[PDB]
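Below you'll find the structure, written out as structure tokens, and then a few comments.
What follows is calculated from the coordinates using simple rules that are stated; it is not laboratory data. Note that each Cβ is placed from the backbone with ideal geometry, even for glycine, and that neighbours are counted across all protein chains shown.
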Amino acid sequence: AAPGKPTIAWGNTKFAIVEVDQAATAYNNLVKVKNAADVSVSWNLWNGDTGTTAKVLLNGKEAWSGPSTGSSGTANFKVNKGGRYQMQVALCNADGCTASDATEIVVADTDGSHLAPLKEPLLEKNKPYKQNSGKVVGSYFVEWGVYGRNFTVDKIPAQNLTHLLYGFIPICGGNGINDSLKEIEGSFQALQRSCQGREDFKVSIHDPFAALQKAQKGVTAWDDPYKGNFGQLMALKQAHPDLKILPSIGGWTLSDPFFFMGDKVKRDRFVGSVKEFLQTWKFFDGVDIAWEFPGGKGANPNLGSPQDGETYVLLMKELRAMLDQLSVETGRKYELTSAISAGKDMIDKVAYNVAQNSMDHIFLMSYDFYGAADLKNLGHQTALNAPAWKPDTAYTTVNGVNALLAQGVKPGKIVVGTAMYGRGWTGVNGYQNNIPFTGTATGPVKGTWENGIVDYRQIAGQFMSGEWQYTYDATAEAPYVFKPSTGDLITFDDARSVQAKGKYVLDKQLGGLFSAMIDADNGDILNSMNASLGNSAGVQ
Ligand SMILES: CC(=O)N[C@@H]1[C@@H](O)[C@H](O[C@@H]2O[C@H](CO)[C@@H](O[C@@H]3O[C@H](CO)[C@@H](O[C@@H]4O[C@H](CO)[C@@H](O)[C@H](O)[C@H]4NC(C)=O)[C@H](O)[C@H]3NC(C)=O)[C@H](O)[C@H]2NC(C)=O)[C@@H](CO)O[C@@H]1O
């Protein structure tokens, strides 16, 4: 007779191709990439003959075979593809094979193949759009937004984006390499801990807890190998396979290391580490370079060189070459993008007409034109055009776009920036003709989280009632609110100014729109980004 029916032993059924060390703070130790997951199964046979061969099947296909030598057995084998499997143990002899009932096992991988899709309802004022305009609709999500702001990946209105950028991936380096981080309490030290035993100029993760370990919706079980932002982003990819999720390297306070990459030894090491990063974290679809900025005038007053423009173009070329190789190895398309200054003076330090051949999208940072850092010269921080009271205004969206076009950048490359926050001043005074911008300020407006910056959500929620004046400047295409008694003045984007930008993008055949930061919107801004680019209402 055929053997008795084996009983699969109670035991761990969750395995991982990329393992995460739960007691490690250094990125080198935190993550272990393997070619395959080490899987184990045991069984008992309570009734009958134990057969002469034991097999482990995954969805009916043999993953392991060995002699059946007793009433209990154990099998260890490798599984090299992520997902969920119906595992059985079968005992065979010359008279037949007898298979156990199936037990599901989970083999995790960083493409999120083991995860249920993270398909969450739209929150706040967010309304559903189909991505059918063919235009970019992008936004940045910040790693630390999960703390005080409590804005997690499950709160991202993901169906209303083409591109989701993760800010920010740091580049390893201590004294002289990441000095800008020292301005943020504990932040430099956090990076040094993450990069312990890791070479300068390789990428890492700034806050491994937030990125990988913090319990979040859909990734709360203790033996879920990827939690935090990355785990949720993996599940998000399962829900939105066409969403481009890009890691953004740099940003204001993590940009210092770019200034050393004129040394090709360092640049090669960096590009290599990015490749490794993408091979490790498979849910990512490319890389965004947020170098602020070639030539300097970023966070660090002691960095910036005339060489930086050349370095930028070389970096983009070499990144593209690495990504092209990754693409044909994987059969995937990878994107290369960059967030850049919108100031003409800044833009002309770089030959974007050359660099564009390496890039899928240029994220034009057409915001922060004005702010609390200058209390004497006030203006619209993210306007399309100059205002009527100062038509020679240098920093406008159109001037940034025109600077790029003048170089020879193709318009389809250019993605225009919208702000999901306001900047502002307090104590504004000495202004003429009921235009507060013509006055001067005494300090920054009180901020939502940091001085001089207000979440759009709070502007809409608090500063569009009471004593607050509201004005839409139709010449600049820019709203502002003003509280005369305290001289609080806030410049921001609203649904109408975003609409003007979208129409401008369509008229000029630009690439689309993107925003910073997604956590600060109540839905109004992203709704308008979608609508104005011609995306159809409804779900796809
Ligand atoms: C287009 C352009 O070039 N605009 C610039 C403008 O950026 C300059 O102003 C600077 O802006 C950057 C953001 O772009 C500010 O940096 C952020 O600062 C905050 C506060 O420290 C950082 O948040 C903290 O991050 C840590 C992790 O390091 C978390 O642990 C904390 O929870 C978190 N704290 C809070 C309260 O959120 C954040 O990481 C920084 N972001 C980045 C990407 O670096 C910078 O402070 C700001 N500097 C000044 C002086 O305002 C502006 C300066 O004049 O010039 C242009 O307008």
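Ranked by Cβ crowding within 10 angstrom, fewest neighbours first, how are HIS206, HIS361 ordered? All intermediate terms of the calculation are to be shown ahead of the outcome.
Details: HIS206 21, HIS361 26.
Ordered from fewest to most neighbouring Cβ atoms within 10 Å, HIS206, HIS361 come out as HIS206, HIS361.
Cα convex hull, the range 192-277: 128 Å³ per residue, rounded to a whole number. Residue exposure proxy: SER273, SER536, ordered by other Cβ atoms within 10 angstrom of their Cβ from fewest to most, comes out as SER536, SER273. With K and R counted +1 and D and E -1, the other residues having a Cβ less than 13 Å from that of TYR312 yield a net charge of -1.
Each residue, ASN47 and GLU104, gets one label point 7 Å from its Cα in the Cβ direction; the gap between the two is 2.6 nm. With each label modelled as a point 7 angstrom along the Cα→C-beta vector, the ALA24-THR280 pair spans 0.9 nm.
Dipole orientation for the range 99-151: of the candidates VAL142, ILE105, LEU123, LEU123 has the Cα lying most toward the positive pole (charges on Cβ; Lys, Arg +1; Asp, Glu -1).
List the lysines whose Cα lies under 21 Å from the Cα of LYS78, skipping any in the same chain that are fewer than 8 positions away. Output for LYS78: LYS14, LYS32, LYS34, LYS55, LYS61, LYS282. Between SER65 and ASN80, residue separation times 0.36 nm minus the direct Cα-Cα distance comes to 3.7 nm. For the listed residue pairs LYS344/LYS410; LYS119/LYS214; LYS127/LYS244; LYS155/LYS349; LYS237/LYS344; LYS155/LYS501, the alpha carbons are over 27 angstrom apart in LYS155/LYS349; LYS237/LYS344. Relative to the longest principal axis of the Cα atoms of the chain, the long axis of helix 495-508 lies at roughly 80 degrees. Over all other residues within a Cβ to Cβ distance under 10 Å of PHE77, the charged ones net out to -1, with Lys and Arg as +1 and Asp and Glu as -1. When each of the peptides 245-256, 297-308 is scored by how many other beta carbons lie within 10 Å of its residues on average, the order from highest to lowest is 245-256, 297-308. Size check on the chain: the Cα extents along the three principal axes, sorted descending, read 100, 51, 42 Å. Panel values: the range 28-164, Kirkwood radius from alpha carbon pairs, Stokes-Einstein at 10 °C and 1.306 mPa s, translational diffusion coefficient 83 µm²/s. Spread over its residues, the convex hull of the C-alpha atoms of the range 409-540 is 131 Å³ per residue.
Using only alpha carbon positions, build the gyration tensor of the range 388-461, then give the equivalent ellipsoid semi-axes as the square roots of 5 times its eigenvalues, largest first, whole angstrom. Display every interim value, and only then the final one.
Values: eigenvalues 171, 75, 18 Å².
Listed largest to smallest, the semi-axes of the range 388-461 are 29, 19, 10 Å.
Its Cα gyration tensor gives the range 104-215 an equivalent ellipsoid; the semi-axes, largest first and in whole Å, are 31, 19, 14.
About its Cα centre, the dipole of the chain is roughly 660 debye, where the only charges are +1 on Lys and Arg Cβ and -1 on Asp and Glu Cβ.
Length available on full extension from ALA2 to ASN35: 0.36 nm per residue minus the Cα-Cα distance, which gives 8.2 nm.
Segment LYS264..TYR470, full-extension length gain: 68.9 nm, with 0.36 nm per residue of separation and the alpha-carbon distance subtracted. Candidate cross-link partners of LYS376 among the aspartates and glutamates, defined by an alpha-carbon separation under 19 Å and a same-chain spacing of 8 or more, comprise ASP368, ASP392, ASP488. Each other residue within a Cβ distance under 12 Å of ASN300 adds +1 if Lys or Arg and -1 if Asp or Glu, for a net charge of -2.
Where does each of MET464, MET346 land when they are ranked from fewest to most other beta-carbon atoms within 10 angstrom?
Numbers: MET464 12, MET346 20.
Placing the least packed residue first, the sequence is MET464, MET346.
Across the chain, the longest piece that holds none of the GluC sites (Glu not before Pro) lying in DSSP loops with up to 15 other C-beta atoms within 10 Å covers 200-466.
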